[PDB]
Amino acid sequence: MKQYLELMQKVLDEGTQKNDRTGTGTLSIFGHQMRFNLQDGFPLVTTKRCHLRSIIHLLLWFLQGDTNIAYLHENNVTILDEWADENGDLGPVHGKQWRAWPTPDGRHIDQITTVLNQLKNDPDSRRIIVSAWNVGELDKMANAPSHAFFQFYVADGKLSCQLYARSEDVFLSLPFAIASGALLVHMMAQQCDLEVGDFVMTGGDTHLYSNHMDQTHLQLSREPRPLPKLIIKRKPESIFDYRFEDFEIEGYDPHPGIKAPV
């Protein structure tokens, strides 16, 4: 998409050399924001082939708050493989917190259910928020989630959402993030009888890995095609009751896929 390519180009034009924790090099910039008017079409990247199938399972899996990579491997989803251990446990890199923010008093807070009510009963609340950033638990932990904060907002019957990522690989994860947020907004809006507004995507450390230069140049050589449209073929009883089969993407004509290197 136009915005997306502009970001790649901006990283190339003005990104700074910065290493990650492995010592592996990137071109990085800090602070970025883009907006996708979801009435204009579902923001699935067209300049490389992406797979809605992967976005759906990933999102249904976050929604369950499953902590084991199993379900993701059944359905051929691998973006989280790096952070999985020996027995496929993802540490804190998952969505348990969304549904079961533990509080020391033997208690658990279901954040998703809370936004759901807020959108129906107080759509103007300035704090319709989900956070996975549980400092108390993340403290002495090797890993940490990266898309750990989102906010909803309602104006004129339309539902909008903003996702903050502290770390974003422009080539690898950003397209997943965008479609995943967009998908949730459609599901949220269906459940709450709202129409869809904007999806706003906000970054901290936004970066391209140095060894993805070839992939990036190829993708920047290609013209974005018209956005597809998401079709939901069932209305489930609750946000947690969706199935892979409910979704279809229409009018998706992408450029060929570009594999990530070794």
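Numbers for residues come from their place in the sequence shown, where the first is 1.
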Averaging the C-alpha temperature factors as deposited, the higher value of 79-87 versus 146-154 falls on 79-87
On average, which has the higher Cα B-factor in the deposited entry, 237-245 or 11-19? 237-245
According to the deposited entry, which of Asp205, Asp214, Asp198, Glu195 has the largest Cα B-factor? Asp214
Going by the CA temperature factor in the entry, name the top one among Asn37, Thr67, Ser221, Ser28. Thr67
Cα B factor band for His32 (lowest, middle or highest third within the chain): lowest
Name the third of the chain's ranked CA B-factors that contains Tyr71, choosing lowest, middle or highest. highest
Could you place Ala260 in the lowest, middle or highest third of its chain by Cα temperature factor, using the values in the record? highest
Compared with the other modelled residues in the chain, in which third is the CA B-factor of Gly136? highest
Taking the C-alpha B-factors as the PDB entry records them, is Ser210 in the lowest, middle or highest third of its chain? highest
